[PDB]
Amino acid sequence: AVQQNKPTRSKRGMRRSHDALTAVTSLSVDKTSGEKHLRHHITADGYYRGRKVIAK
Amino acid sequence: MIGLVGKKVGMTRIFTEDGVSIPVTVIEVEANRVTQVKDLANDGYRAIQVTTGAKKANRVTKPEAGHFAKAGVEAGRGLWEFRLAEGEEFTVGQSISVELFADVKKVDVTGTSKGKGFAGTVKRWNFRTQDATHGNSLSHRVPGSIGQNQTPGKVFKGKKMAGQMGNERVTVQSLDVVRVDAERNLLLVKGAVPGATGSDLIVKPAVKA
Amino acid sequence: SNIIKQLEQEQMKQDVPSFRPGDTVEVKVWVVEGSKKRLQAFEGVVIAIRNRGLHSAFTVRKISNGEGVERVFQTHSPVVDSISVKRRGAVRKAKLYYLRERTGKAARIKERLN
Amino acid sequence: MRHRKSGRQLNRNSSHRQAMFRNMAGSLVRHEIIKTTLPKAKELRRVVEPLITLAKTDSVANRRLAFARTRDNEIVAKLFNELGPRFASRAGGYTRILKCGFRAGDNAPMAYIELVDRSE
Amino acid sequence: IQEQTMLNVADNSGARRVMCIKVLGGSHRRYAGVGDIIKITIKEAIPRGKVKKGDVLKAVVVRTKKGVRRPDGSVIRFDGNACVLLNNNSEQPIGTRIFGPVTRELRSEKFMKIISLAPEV
RNA sequence: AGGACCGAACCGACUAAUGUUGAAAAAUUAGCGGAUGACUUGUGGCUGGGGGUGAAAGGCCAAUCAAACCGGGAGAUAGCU
RNA sequence: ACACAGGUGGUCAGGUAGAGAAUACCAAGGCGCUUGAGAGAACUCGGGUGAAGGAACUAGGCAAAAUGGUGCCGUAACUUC
RNA sequence: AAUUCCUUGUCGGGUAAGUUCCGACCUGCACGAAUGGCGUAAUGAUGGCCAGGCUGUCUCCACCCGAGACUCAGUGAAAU
RNA sequence: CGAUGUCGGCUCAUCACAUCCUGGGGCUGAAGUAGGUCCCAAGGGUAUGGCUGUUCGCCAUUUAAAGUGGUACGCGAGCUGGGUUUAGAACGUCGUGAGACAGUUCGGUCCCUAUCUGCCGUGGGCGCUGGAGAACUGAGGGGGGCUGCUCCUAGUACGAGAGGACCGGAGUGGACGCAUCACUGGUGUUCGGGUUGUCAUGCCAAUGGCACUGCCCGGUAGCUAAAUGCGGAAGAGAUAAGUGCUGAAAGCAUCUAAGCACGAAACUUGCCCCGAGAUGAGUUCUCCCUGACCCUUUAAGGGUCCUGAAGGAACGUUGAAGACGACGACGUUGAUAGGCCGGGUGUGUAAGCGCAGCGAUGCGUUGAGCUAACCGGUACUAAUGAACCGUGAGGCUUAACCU
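Chains as they are written, first to last, in the entry's author numbering: chain 0, 1 to 56; chain D, 1 to 209; chain P, 1 to 114; chain N, 1 to 120; chain K, 1 to 121.
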């Protein structure tokens with residue numbers, strides 16, 4: 001339930017070796033407006049693949 | 001003797017004339033195409049690698065496409081192997097599948113079993129649950145002891161605990177062949193074979209027989 | 001599937017008459033003692049399945065010698081060669097378990113194709 | 001464990017799911033585009049598209065069935081007068097899910113679900 | 001059928017209600033009776049009968065609420081569990097007449113005599 | 001009529017489960033006992049520590065009781081750690 | 001010690017069903033309890049249903065299940081009547 | 001026997017089987033008459049035993065519905 | 001003693017052999033059946049209850065047998081808390097008394113979110129020497145290993161009779177394990193219906209909310225056991241106890257010293273599963289990449305431009321796969337999911353209208369309406385093309401095959 005010896009900062013970093021964020025590294029570019037977006041998502045002005053889908 | 005690769009169509013019933021109503025599994029066995037023959041010169045053993053079914057030619061990668069392009073190109077859903085021992089058979093992909101099972105009487109069917117996920121000890125092994133009500137703080141389906149105090153001081157390397165159940169290769173042995181249909185590409189065997197509907201089955205003649 | 005129900009339809013029998021639950025039917029079944037085989041009749045009210053293809057079964061409940069005998073039969077089995085309509089009963093539901101666990105109460109008859 | 005089963009619990013009981021989807025189906029029929037989460041949009045597809053399919057045929061019995069569902073006479077009237085004949089030549093797919101960003105208060109994958117042929 | 005199961009009695013000299021106290025055969029036979037032989041104490045009897053209340057003997061299960069399985073897949077169930085009382089040594093029926101239906105699983109050896117006395121098989 | 005009966009408010013606390021770094025330094029949930037009486041409760045008063053009070057358990061006396069708490073003798077004493 | 005599942009005296013007392021201040025659904029009125037979104041493993045907690053058997057469980061019928069209302073009939077040993 | 005060590009005394013009943021129970025015997029280690037003796041209707045969240053009903057208590061677990069546990073975002077301890 | 005929780009039960013076990021059963025034998029005061037004793041052998045198996053807190057013991061009934069021990073008299077950061085050693089009370093006894101009993105009796109709080117090791121599962125990274133996509137080999141490792149009864153041989157051998165075989169075949173069970181959902185069932189708060197109280201949709205009618213899914217009645221798919229299939233073997237090899245052949249030492253005898261032949265559920269294989277991180281990193285098949293320079297301390301590299309290949313990953317639709325990762329299918333050249341259509345199923349004759357009746361209600365339309373996770377189809381909706389990662393012929397030495 002409790003520890004008998006303090007884990008060192010080496011073992012702390014070894015456990016956090018998999019606690020690492022991954023980036024998108026590839027944004028899609030819409031074909032009507034040149035702005036970028038997440039793949040398969042609305043293009044933050046209301047564009048999907050070539051169509052103005054949401055007016056706001 | 002070599003076997004074949006089929007898929008599990010499902011289970012049904014064969015009503016015989018005496019009213020015996022034997023439970024059968026239907027295995028669709030399409031024609032197996034010998035894509036490779038392995039001998040004692042290239043390898044240390046003799047076998048045939050076959051394929052079955054079809055793939056849509058866009059999910060076939062270029063190494064797979066070249067491997068199928070050798071020895072006659074009809075791509076299949078996978079590749080399997082059967083080791084062959086004494087009899088010699090010629091090395092082209094067969095036209096009718098189940099005609100070598102037409103004269104056998106019992107088969108072993110290997111299939112990837114249905115996955116039960118993370119299963120407990122009571123499901124995975126046949127562990128007795130503890131008491132439901134006589135006291136029993138928080139300990140009904142949990143495992144009890146897992147060892148023997150200080151003298152081992154450890155848990156042994158084969159201890160039955162919870163974990164992944166199913167989703168594994170498993171063979172049911174000596175299943176009686178009920179019907180062989182060359183025209184419908186069907187093998188009806190008596191009983192239940194591992195896996196779900198549409199899963200691949202390696203069906204071979206019985207080694208215990 | 002399509003591969004199955006081909007086997008089921010080539011094993012199914014087409015001589016099965018129309019029955020509803022609450023009907024009192026008589027079922028002739030083949031019984032075998034030695035080398036001889038004969039027909040034995042089982043008569044009673046029906047707690048049916050509706051047609052599950054080849055895997056169809058009707059329950060028939062009888063009172064034979066003072067106690068209830070409940071027997072299901074597979075409809076397309078070869079041991080069941082004749083099912084006779086006999087009485088034609090009138091109930092409101094599909095399974096008659098509550099309407100059989102009591103004794104001395106019988107299903108009524110109506111003539112609206114029941 | 002969970003084999004060949006449909007329906008998301010969405011961490012609520014069945015009566016709350018039914019009332020929540022009655023409300024959200026009424027919101028979709030009212031506004032013709034709403035913003036919800038992605039699982040609550042796919043389950044909304046499963047709830048809303050049978051209503052438009054029911055409302056393709058105009059009967060008193062169908063109006064009472066589509067009022068027993070969604071419990072809103074204005075939603076029934078719109079569903080049987082504007083929708084229905086609008087989607088009469090369509091065979092399914094009356095709604096479209098467009099994946100959107102993420103919610104600010106919690107990282108919820110959002111989605112706009114809308115009627116496919118909006119007259120706007 | 002199972003241990004502590006209270007069964008009715010099909011024959012006449014055997015009387016009224018009995019209790020299964022062992023399932024004969026096997027190391028741990030758990031729930032067993034189709035035409036199987038069980039060990040019996042007697043919980044209720046009649047003054048006329050050949051057996052008293054509280055003596056151990058054998059019996060064969062002739063009717064079971066769980067039922068039997070026919071080879072074609074069909075089931076023959078009964079309302080209530082019944083048995084025919086049998087002697088300990090020779091395993092002969094005590095009774096001279098059998099009441100109620102029996103089942104065609106009961107055709108081996110002495111159960112020929114039981115179904116010969118039985119009304120419906 | 002009744003230290004009557006059943007049963008809410010109210011008073012209590014027999015069993016079980018949960019909680020045991022709790023939602024809570026004793027509670028919650030499902031039942032449970034009394035419920036016109038030796039009942040229960042508000043407000044105020046009185047009894048003060050070898051003392052009080054106790055249908056009595058050494059119970060209770062401010063989460064403290066085989067002698068309360070605070071301050072002092074006091075840096076008691078400690079052949080013990 | 002907390003924006004704490006506890007404690008805190010009195011007063012008001014709607015509709016329908018109901019003996020009822022029980023209980024259920026609602027008035028007037030007030031809230032959704034200051035983390036959400038998914039997914040649908042073990043295991044834990046709180047429940048629902050179970051074939052056949054029916055206390056074989058266990059220290060022990062612990063727990064659960066069961067019975068449950070009004071009117072009428074009927075009701076034993078024993079008794080301080 | 002809230003009392004008996006030997007002791008699971010012995011006999012009878014209950015059970016297929018009963019160190020507990022009930023009725024006796026008296027061989028009371030070591031009951032006994034207001035430290036009260038024996039009995040006693042009613043009463044008891046009292047102790048032991050039996051039976052009917054009832055059931056997941058069990059044979060022997062199976063499925064389902066919710067709150068967690070698992071993943072994601074925000075905040076963020078503890079014993080040691 | 002700045003704390004190593006104590007009996008018994010439950011759950012889970014693991015080892016020893018001084019073996020309970022099964023297996024193989026020697027002697028018998030072994031006719032046969034059935035025994036007695038000893039040797040070998042640990043592969044598998046090795047009860048349920050009544051009483052008691054009990055281990056044990058006795059009893060009842062099974063079984064092939066209900067083994068003996070070690071494991072902190074195995075197992076309390078797994079459970080219980082009946083026993084035992086807290087605080088209350090009483091009895092018997094002792095004490096004048098407070099109190100006490102290797103006496104009894106009733107009641108009496110069992111905490112811990114796992115850091116390390118150890119296990120059970122499941123991933124990420126790098127390595128395996130150009131990089132990929134698959135299929136394998138099998139060094140190792142694990143699982144499984146039980147057995148009753150009946151029939152034939154044969155009422156034979158044997159035995160005065162009674163009784164009753166060995167060896168060898170066949171069937172059918174019990175326990176156990178694996179798989180599965182065709183059957184029979186359970187569940188099925190996502191399907192349909194009945195019904196109570198109340199509230200609401202203006203009201204009737206029809207519905208909806210709440211009351212445990214309000215209470216129920218059935219029930220699809222999935223999961224499941226009680227359901228249904230299958231399995232533990234045969235055969236080898238080397239043996240233990242034991243039995244021998246030939247055969248001297250020792251002219252004989254002698255299973256042994258040389259040589260040779262049998263011999264068990266033990267051992268190695270045979271059956272099933274994992275398995276090249278087997279760093280000893282293996283094998284086979286297939287695919288892809290064969291451009292310009294510049295600087296240089298060269299047991300060698302570094303940089304710029306051009307080009308990103310095989311393939312993978314990411315994203316999305318998802319799955320009888322799954323905690324998350326992983327694995328599988330599909331992404332418009334498309335049936336991957338939802339919808340839709342048709343069927344199937346499951347409830348049980350919807351609503352509205354008409355008729356009969358004073359009415360509740362019944363009858364006709366009508367096996368109606370609704371119907372899930374099922375089946376067969378169908379691009380209606382969503383699966384966008386980029387983009388990302390991964391490069392540009394792959395070291396040294398030696399030996400063979402080549403000019």
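Here a beta-carbon is modelled for each residue, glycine too, at the ideal position from N, C-alpha and C.
>> Between the region 14–25 of chain K and the region 29–39 of chain D, can you find at least three pairs of beta-carbon atoms closer than 8 Å?
In response: no
> Going by Cα to Cα distance, which pick from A196 (chain D), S199 (chain D), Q173 (chain D) and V29 (chain D) is closest to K105 (chain D)?
Replying inline: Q173 (chain D)
> Counting along the chain, where does the beta strand (DSSP E) carrying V29 (chain N) start and finish?
Replying inline: Careful: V29 (chain N) lies outside any beta strand (DSSP E), inside the alpha helix (DSSP H) at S14 to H31.
> What residues are listed by DSSP as bridge partners for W30 (chain P)?
Replying inline: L39 (chain P)
> Name the residues in the region 57–85 of chain K whose C-beta lies less than 7 Å from a C-beta of chain D; which are they?
Replying inline: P71, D72 and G73
>> Within a Cβ cutoff of 6 Å, which residues of the same chain sit near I21 (chain K), ignoring the five residues on either side of it in sequence?
In response: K39 and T41
>> I want to verify the contact list: residues of chain D whose CB lies under 8 Å from the CB of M1 (chain N), in sequence order.
In response: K116 and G117
>> Less than 8 Å between the C-beta atoms of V91 (chain P) and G44 (chain P), yes or no?
In response: no
>> On the criterion of 16 or more Cβ atoms from any shown chain inside 10 Å, does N149 (chain D) qualify as buried, or is it exposed?
In response: exposed
> Do you know how far the Cα of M14 (chain 0) is from the Cα of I75 (chain N)?
Replying inline: 58 Å
> Cβ of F101 (chain D) less than 8 Å from any chain P Cβ?
Replying inline: no
> How should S26 (chain 0) be labelled, buried or exposed, when 16 other C-beta atoms within 10 angstroms of its C-beta is the threshold for buried?
Replying inline: exposed
> Is DSSP giving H67 (chain D) helix, strand or coil here?
Replying inline: helix
>> Looking at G19 (chain D): is its Cβ nearer than 8 Å to the Cβ of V79 (chain P)?
In response: yes
> Residues of chain K with CB under 9 Å from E70 (chain P), in chain order?
Replying inline: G67, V75, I76, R77, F78 and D79
> Around the C-beta of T61 (chain D), are 16 or more other C-beta atoms found within 10 angstroms, so that it is buried, or is it exposed?
Replying inline: exposed
> Starting from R46 (chain N) and walking both ways along the alpha helix (DSSP H), at which residues does that stretch end?
Replying inline: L38 to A55
>> Quick check: the Cα distance between residue 150 (chain N) and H41 (chain 0), rounded to an integer number of angstroms?
In response: Because chain N spans 1 through 120 in this model, residue 150 (chain N) falls outside it and cannot be assessed.
> Cβ of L54 (chain P) less than 8 Å from any chain D Cβ?
Replying inline: yes
>> Can you find the residues in the same chain that come closer than 8 Å, C-beta to C-beta, to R118 (chain N), ignoring five residues on each side of it along the sequence?
In response: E32 and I33
>> Assuming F80 (chain N) is part of the alpha helix (DSSP H), what are its boundary residues?
In response: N73 to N81
> Just to confirm, are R46 (chain D) and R83 (chain D) a CB contact at a threshold of 8 Å?
Replying inline: yes
>> Please report the straight-line C-alpha distance between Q94 (chain D) and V9 (chain D), rounded to a whole angstrom.
In response: 22 Å
>> For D176 (chain D), list the residues DSSP reports as bridge partners.
In response: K106 (chain D)
> Which residues in chain N sit within 7 Å of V53 (chain 0), going by Cβ to Cβ distance?
Replying inline: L98
> Any idea what DSSP makes of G3 (chain D), helix, strand or coil?
Replying inline: coil
> Looking only at C-alpha atoms, which of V25 (chain P), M12 (chain P) and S35 (chain P) sits nearest to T59 (chain P)?
Replying inline: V25 (chain P)
> Name the chain K residues whose beta carbon is nearer than 9 Å to that of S64 (chain P)?
Replying inline: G100, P101, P119 and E120
> So is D11 (chain K) buried or exposed if we call it buried at 16+ other beta carbons inside 10 Å?
Replying inline: buried
>> Tell me which residues share the same chain as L39 (chain P) and place their Cβ nearer than 6 Å to its Cβ, disregarding the 5 neighbours each side in the sequence.
In response: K28
>> Quick check on the DSSP output: the beta strand (DSSP E) that includes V60 (chain N) runs from which residue to which?
In response: Unbroken run through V60 (chain N) is the alpha helix (DSSP H), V60 to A68; no beta strand (DSSP E).
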